[PDB]
$ cat my_file.txt   # compact mmCIF, C-alpha atoms and all ligand atoms
# COMPACT_ATOMS: atom_id res chain seq x y z
CA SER A 1 11.68 -28.45 91.63
CA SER A 2 14.14 -26.16 93.39
CA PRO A 3 16.49 -27.72 95.97
CA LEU A 4 16.91 -25.99 99.31
CA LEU A 5 20.44 -25.55 100.69
CA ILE A 6 20.67 -24.43 104.32
CA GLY A 7 23.80 -23.95 106.36
CA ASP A 8 26.44 -21.79 107.97
CA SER A 9 29.53 -19.98 106.69
CA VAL A 10 30.32 -22.97 104.44
CA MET A 11 26.96 -22.48 102.71
CA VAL A 12 27.78 -18.79 102.27
CA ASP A 13 31.07 -19.79 100.65
CA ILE A 14 29.50 -22.17 98.13
CA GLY A 15 26.17 -20.45 97.50
CA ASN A 16 27.01 -18.47 94.38
CA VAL A 17 29.15 -21.24 92.87
CA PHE A 18 26.23 -23.58 93.48
CA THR A 19 23.64 -21.23 91.95
CA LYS A 20 25.78 -20.72 88.84
CA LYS A 21 25.71 -24.49 88.38
CA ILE A 22 22.09 -25.07 89.52
CA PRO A 23 20.23 -21.85 88.67
CA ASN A 24 17.01 -22.54 90.61
CA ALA A 25 18.75 -23.49 93.87
CA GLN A 26 17.44 -21.75 97.00
CA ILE A 27 20.39 -20.81 99.23
CA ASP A 28 19.97 -20.00 102.93
CA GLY A 29 23.47 -19.52 104.34
CA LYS A 30 24.47 -17.52 107.41
CA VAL A 31 27.91 -17.04 108.94
CA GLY A 32 27.81 -18.27 112.54
CA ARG A 33 24.53 -20.16 112.26
CA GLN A 34 24.17 -22.91 114.86
CA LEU A 35 22.25 -26.03 113.90
CA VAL A 36 19.70 -25.57 116.71
CA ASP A 37 18.68 -22.26 115.12
CA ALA A 38 18.02 -23.86 111.72
CA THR A 39 15.09 -25.95 112.95
CA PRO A 40 12.71 -23.02 113.73
CA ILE A 41 13.55 -21.59 110.29
CA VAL A 42 12.68 -24.87 108.58
CA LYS A 43 9.48 -25.33 110.57
CA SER A 44 8.28 -21.79 109.81
CA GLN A 45 9.67 -21.12 106.31
CA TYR A 46 10.39 -24.39 104.50
CA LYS A 47 7.39 -26.69 105.09
CA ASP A 48 6.95 -27.01 101.34
CA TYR A 49 10.44 -28.53 101.07
CA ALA A 50 9.57 -31.22 103.66
CA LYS A 51 7.81 -33.43 101.13
CA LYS A 52 8.46 -36.63 99.20
CA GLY A 53 10.54 -35.93 96.10
CA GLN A 54 12.01 -32.67 97.42
CA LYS A 55 15.76 -32.31 97.95
CA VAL A 56 17.44 -30.42 100.78
CA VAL A 57 21.13 -29.98 101.57
CA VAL A 58 22.19 -29.48 105.21
CA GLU A 59 25.61 -27.85 105.73
CA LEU A 60 25.95 -27.28 109.50
CA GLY A 61 28.49 -27.81 112.26
CA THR A 62 31.52 -25.94 110.92
CA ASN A 63 30.56 -22.86 112.96
CA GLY A 64 29.49 -24.74 116.09
CA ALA A 65 28.88 -28.06 117.82
CA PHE A 66 25.41 -29.57 118.09
CA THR A 67 23.86 -32.56 119.87
CA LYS A 68 22.23 -35.75 118.63
CA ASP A 69 18.80 -34.55 119.80
CA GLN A 70 19.27 -31.24 117.98
CA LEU A 71 20.23 -32.98 114.73
CA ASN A 72 17.26 -35.36 115.03
CA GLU A 73 14.91 -32.40 115.47
CA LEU A 74 16.25 -30.73 112.31
CA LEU A 75 16.18 -33.90 110.22
CA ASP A 76 12.63 -34.73 111.36
CA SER A 77 11.51 -31.25 110.29
CA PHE A 78 12.29 -32.13 106.66
CA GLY A 79 9.74 -34.94 106.68
CA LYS A 80 9.96 -37.19 103.65
CA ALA A 81 12.39 -35.03 101.65
CA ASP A 82 15.68 -36.48 100.55
CA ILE A 83 18.27 -34.85 102.81
CA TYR A 84 21.90 -34.49 101.74
CA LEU A 85 23.84 -34.15 104.98
CA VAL A 86 27.41 -32.89 104.68
CA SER A 87 30.19 -33.97 107.02
CA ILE A 88 32.45 -31.22 108.31
CA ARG A 89 36.17 -30.51 108.29
CA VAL A 90 37.22 -27.87 110.82
CA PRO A 91 40.13 -27.64 113.33
CA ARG A 92 37.91 -27.82 116.40
CA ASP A 93 37.93 -30.32 119.26
CA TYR A 94 34.32 -31.31 118.48
CA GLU A 95 34.92 -32.24 114.82
CA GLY A 96 34.99 -36.01 115.35
CA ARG A 97 32.00 -36.06 117.71
CA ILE A 98 29.83 -34.06 115.30
CA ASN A 99 30.88 -36.10 112.28
CA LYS A 100 29.96 -39.23 114.25
CA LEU A 101 26.47 -37.75 114.67
CA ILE A 102 26.31 -37.03 110.93
CA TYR A 103 27.50 -40.52 109.93
CA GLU A 104 25.05 -42.12 112.37
CA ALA A 105 22.07 -40.16 111.05
CA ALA A 106 22.92 -41.03 107.45
CA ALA A 107 23.32 -44.68 108.44
CA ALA A 108 20.00 -44.98 110.27
CA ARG A 109 17.74 -42.80 108.10
CA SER A 110 16.82 -44.01 104.62
CA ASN A 111 16.13 -40.47 103.38
CA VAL A 112 19.45 -39.02 104.67
CA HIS A 113 22.28 -39.30 102.15
CA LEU A 114 25.84 -38.68 103.32
CA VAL A 115 27.91 -36.04 101.50
CA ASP A 116 31.27 -37.02 102.98
CA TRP A 117 33.23 -33.80 102.61
CA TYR A 118 35.49 -34.77 105.51
CA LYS A 119 36.73 -37.87 103.68
CA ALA A 120 36.72 -36.31 100.19
CA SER A 121 38.83 -33.34 101.28
CA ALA A 122 41.41 -35.35 103.26
CA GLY A 123 44.02 -34.98 100.54
CA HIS A 124 43.27 -31.31 99.76
CA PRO A 125 44.90 -28.72 102.05
CA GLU A 126 44.49 -26.21 99.20
CA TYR A 127 40.71 -26.23 99.80
CA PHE A 128 41.03 -24.51 103.19
CA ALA A 129 42.01 -20.94 104.03
CA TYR A 130 44.43 -20.11 106.84
CA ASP A 131 41.65 -19.65 109.42
CA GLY A 132 40.48 -23.25 108.91
CA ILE A 133 36.94 -21.96 108.35
CA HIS A 134 36.73 -20.18 105.00
CA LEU A 135 36.93 -22.35 101.90
CA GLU A 136 39.36 -21.33 99.23
CA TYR A 137 37.53 -20.94 95.92
CA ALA A 138 38.86 -24.31 94.77
CA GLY A 139 37.31 -25.86 97.88
CA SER A 140 33.94 -24.25 97.18
CA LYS A 141 33.99 -25.60 93.63
CA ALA A 142 34.91 -29.09 94.89
CA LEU A 143 32.24 -29.15 97.60
CA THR A 144 29.64 -27.92 95.11
CA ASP A 145 30.48 -30.74 92.68
CA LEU A 146 30.44 -33.31 95.48
CA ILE A 147 26.99 -32.22 96.64
CA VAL A 148 25.63 -32.19 93.08
CA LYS A 149 27.06 -35.65 92.35
CA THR A 150 25.49 -37.04 95.52
CA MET A 151 22.12 -35.51 94.60
CA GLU A 152 22.29 -37.06 91.12
CA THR A 153 23.00 -40.54 92.53
CA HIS A 154 21.48 -40.55 96.09
CA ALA A 155 21.93 -42.95 98.90
ZN ZN B 1 34.10 -17.69 103.60
$ encode --input "my_file.txt" --output "structure tokens" --more "lines below"
Ligand SMILES: [Zn+2]
Amino acid sequence: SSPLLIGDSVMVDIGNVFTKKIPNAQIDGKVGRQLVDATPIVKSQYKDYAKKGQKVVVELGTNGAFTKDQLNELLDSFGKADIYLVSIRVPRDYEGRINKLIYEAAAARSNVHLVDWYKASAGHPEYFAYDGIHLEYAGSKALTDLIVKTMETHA
């Protein structure tokens, strides 16, 4: 079945690279999307992805901070799906606090599988454009492969 990928400008950056690799992927990316605004979209549009055996990728936080309660509300809205939750790398004061939330949710939830982009990209300045937000094409290819590899192997 088709995986759902939902996120912010980072999802926009990787969406076509991802679809070329995984042709039936469903991409929902939006520049500037805040995590709290994803939950109403999931609850109203993506109920059929919130089921056992479905796969969803969550790519949020680069374009804005969120809280633990907000993240819990989004993760709960995906039900029994396997959720691939991507850590963020962005030159913002909230980066560490939000990644802590992401690591903690992946630790505590058996259906949340960490995609640790923060750690994987530590040695790769060439993945990041000068604004610290846009991924260079090489970064989008690398993040795509990292997500796919995580989905093929799980938590
Ligand atoms: Zn971009």
$ closest_atom_pairs --input "my_file.txt" --of "chain A" --to "ligand ZN 1 (chain B)" --cutoff "6 Å" --atoms "all atoms listed in the file" --output "tab-separated table"
residue	atom	partner	partner_atom	distance
A:9	CA	B:ZN1	ZN	6.0
A:13	CA	B:ZN1	ZN	4.7
A:134	CA	B:ZN1	ZN	3.9
A:135	CA	B:ZN1	ZN	5.7
$ write_last_selection --input "my_file.txt" --atoms "C-alpha atoms" --output "PDB file, in the frame of the given file"
ATOM      1  CA  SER A   9      29.530 -19.980 106.690  1.00  0.00           C
ATOM      2  CA  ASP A  13      31.070 -19.790 100.650  1.00  0.00           C
ATOM      3  CA  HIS A 134      36.730 -20.180 105.000  1.00  0.00           C
ATOM      4  CA  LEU A 135      36.930 -22.350 101.900  1.00  0.00           C
TER       5      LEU A 135
END
$ residues_around --input "my_file.txt" --residues "residue 75 of chain A" --least-positions-apart "6" --cutoff "12 Å" --atoms "all atoms listed in the file" --output "tab-separated table (two decimals) with C-alpha atoms, in the frame of the given file"
chain	number	residue	atom	x	y	z
A	35	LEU	CA	22.25	-26.03	113.90
A	36	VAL	CA	19.70	-25.57	116.71
A	38	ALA	CA	18.02	-23.86	111.72
A	39	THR	CA	15.09	-25.95	112.95
A	40	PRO	CA	12.71	-23.02	113.73
A	42	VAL	CA	12.68	-24.87	108.58
A	43	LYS	CA	9.48	-25.33	110.57
A	50	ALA	CA	9.57	-31.22	103.66
A	56	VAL	CA	17.44	-30.42	100.78
A	57	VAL	CA	21.13	-29.98	101.57
A	58	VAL	CA	22.19	-29.48	105.21
A	60	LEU	CA	25.95	-27.28	109.50
A	68	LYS	CA	22.23	-35.75	118.63
A	69	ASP	CA	18.80	-34.55	119.80
A	81	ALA	CA	12.39	-35.03	101.65
A	82	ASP	CA	15.68	-36.48	100.55
A	83	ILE	CA	18.27	-34.85	102.81
A	84	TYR	CA	21.90	-34.49	101.74
A	85	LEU	CA	23.84	-34.15	104.98
A	101	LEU	CA	26.47	-37.75	114.67
A	102	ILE	CA	26.31	-37.03	110.93
A	105	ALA	CA	22.07	-40.16	111.05
A	106	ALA	CA	22.92	-41.03	107.45
A	108	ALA	CA	20.00	-44.98	110.27
A	109	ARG	CA	17.74	-42.80	108.10
A	110	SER	CA	16.82	-44.01	104.62
A	111	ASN	CA	16.13	-40.47	103.38
A	112	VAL	CA	19.45	-39.02	104.67
A	113	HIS	CA	22.28	-39.30	102.15
$ atom_distance --input "my_file.txt" --atom1 "atom CA of residue 90 of chain A" --atom2 "atom CA of residue 132 of chain A"
6.0 Å
$ atom_distance --input "my_file.txt" --atom1 "atom CA of residue 26 of chain A" --atom2 "atom CA of residue 59 of chain A"
13.4 Å
$ closest_residue --input "my_file.txt" --among "A:147, A:10, A:71, A:27" --to "residue 115 of chain A" --atoms "all atoms listed in the file"
A:147
$ atom_distance --input "my_file.txt" --atom1 "atom CA of residue 78 of chain A" --atom2 "atom CA of residue 46 of chain A"
8.3 Å
$ axis_aligned_box --input "my_file.txt" --around "segment 129-144 of chain A" --padding-each-side "6 Å" --output "AutoDock Vina command-line options"
--center_x 37.0 --center_y -24.4 --center_z 101.5 --size_x 26.8 --size_y 21.5 --size_z 27.8
$ residues_around --input "my_file.txt" --residues "residue 63 of chain A" --least-positions-apart "3" --cutoff "8 Å" --atoms "all atoms listed in the file" --output "number ranges by chain"
A: 8-9, 31-34, 60, 133
$ write_last_selection --input "my_file.txt" --atoms "C-alpha atoms" --output "short mmCIF file (atom, residue, chain, number, x, y, z; two decimals), in the frame of the given file"
data_model
loop_
_atom_site.label_atom_id
_atom_site.label_comp_id
_atom_site.auth_asym_id
_atom_site.auth_seq_id
_atom_site.Cartn_x
_atom_site.Cartn_y
_atom_site.Cartn_z
CA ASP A 8 26.44 -21.79 107.97
CA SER A 9 29.53 -19.98 106.69
CA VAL A 31 27.91 -17.04 108.94
CA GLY A 32 27.81 -18.27 112.54
CA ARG A 33 24.53 -20.16 112.26
CA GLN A 34 24.17 -22.91 114.86
CA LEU A 60 25.95 -27.28 109.50
CA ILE A 133 36.94 -21.96 108.35
#
$ residues_around --input "my_file.txt" --residues "residue 21 of chain A" --least-positions-apart "2" --cutoff "12 Å" --atoms "only C-alpha atoms" --output "ChimeraX atom specification"
/A:14-19,23-25,141,144-145,147-149
$ residues_around --input "my_file.txt" --residues "residue 100 of chain A" --least-positions-apart "3" --cutoff "12 Å" --atoms "all atoms listed in the file" --output "list in words"
residues 61, 65, 66, 67, 68, 71, 86, 87, 88, 94, 95, 96, 97, 103, 104, 105, 106, 107, 114, 116 and 118 of chain A
$ build_atoms --input "my_file.txt" --residues "segment 114-136 of chain A" --atoms "N, CA and C atoms" --output "short mmCIF file (atom, residue, chain, number, x, y, z; two decimals), in the frame of the given file"
data_model
loop_
_atom_site.label_atom_id
_atom_site.label_comp_id
_atom_site.auth_asym_id
_atom_site.auth_seq_id
_atom_site.Cartn_x
_atom_site.Cartn_y
_atom_site.Cartn_z
N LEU A 114 24.60 -39.31 102.88
CA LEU A 114 25.84 -38.68 103.32
C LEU A 114 26.57 -38.01 102.15
N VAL A 115 26.98 -36.76 102.37
CA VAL A 115 27.91 -36.04 101.50
C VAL A 115 29.20 -35.94 102.31
N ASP A 116 30.15 -36.85 102.06
CA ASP A 116 31.27 -37.02 102.98
C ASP A 116 32.43 -36.11 102.59
N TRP A 117 32.21 -34.83 102.85
CA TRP A 117 33.23 -33.80 102.61
C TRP A 117 34.49 -34.04 103.43
N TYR A 118 34.33 -34.49 104.68
CA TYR A 118 35.49 -34.77 105.51
C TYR A 118 36.43 -35.74 104.80
N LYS A 119 35.89 -36.87 104.34
CA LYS A 119 36.73 -37.87 103.68
C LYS A 119 37.23 -37.36 102.33
N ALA A 120 36.35 -36.72 101.55
CA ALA A 120 36.72 -36.31 100.19
C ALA A 120 37.83 -35.28 100.21
N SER A 121 37.85 -34.42 101.22
CA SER A 121 38.83 -33.34 101.28
C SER A 121 40.11 -33.72 102.02
N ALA A 122 40.26 -34.97 102.45
CA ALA A 122 41.41 -35.35 103.26
C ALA A 122 42.73 -35.04 102.56
N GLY A 123 42.77 -35.20 101.24
CA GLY A 123 44.02 -34.98 100.54
C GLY A 123 44.18 -33.58 99.97
N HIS A 124 43.37 -32.62 100.42
CA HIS A 124 43.27 -31.31 99.76
C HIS A 124 43.45 -30.13 100.72
N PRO A 125 44.66 -29.92 101.23
CA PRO A 125 44.90 -28.72 102.05
C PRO A 125 44.61 -27.42 101.32
N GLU A 126 44.73 -27.41 99.99
CA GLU A 126 44.49 -26.21 99.20
C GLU A 126 43.01 -25.81 99.16
N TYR A 127 42.11 -26.63 99.71
CA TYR A 127 40.71 -26.23 99.80
C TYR A 127 40.42 -25.28 100.95
N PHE A 128 41.34 -25.14 101.91
CA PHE A 128 41.03 -24.51 103.19
C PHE A 128 41.93 -23.30 103.43
N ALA A 129 41.29 -22.16 103.72
CA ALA A 129 42.01 -20.94 104.03
C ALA A 129 42.71 -21.05 105.39
N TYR A 130 43.56 -20.06 105.67
CA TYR A 130 44.43 -20.11 106.84
C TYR A 130 43.66 -20.11 108.16
N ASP A 131 42.41 -19.66 108.17
CA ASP A 131 41.65 -19.65 109.42
C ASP A 131 40.97 -20.98 109.69
N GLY A 132 41.11 -21.95 108.79
CA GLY A 132 40.48 -23.25 108.91
C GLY A 132 38.99 -23.26 108.71
N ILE A 133 38.39 -22.11 108.43
CA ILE A 133 36.94 -21.96 108.35
C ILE A 133 36.48 -21.65 106.94
N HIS A 134 37.05 -20.61 106.35
CA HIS A 134 36.73 -20.18 105.00
C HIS A 134 37.28 -21.16 103.99
N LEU A 135 36.46 -21.52 103.00
CA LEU A 135 36.93 -22.35 101.90
C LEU A 135 37.62 -21.48 100.86
N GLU A 136 38.82 -21.89 100.45
CA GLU A 136 39.36 -21.33 99.23
C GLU A 136 38.40 -21.61 98.08
#
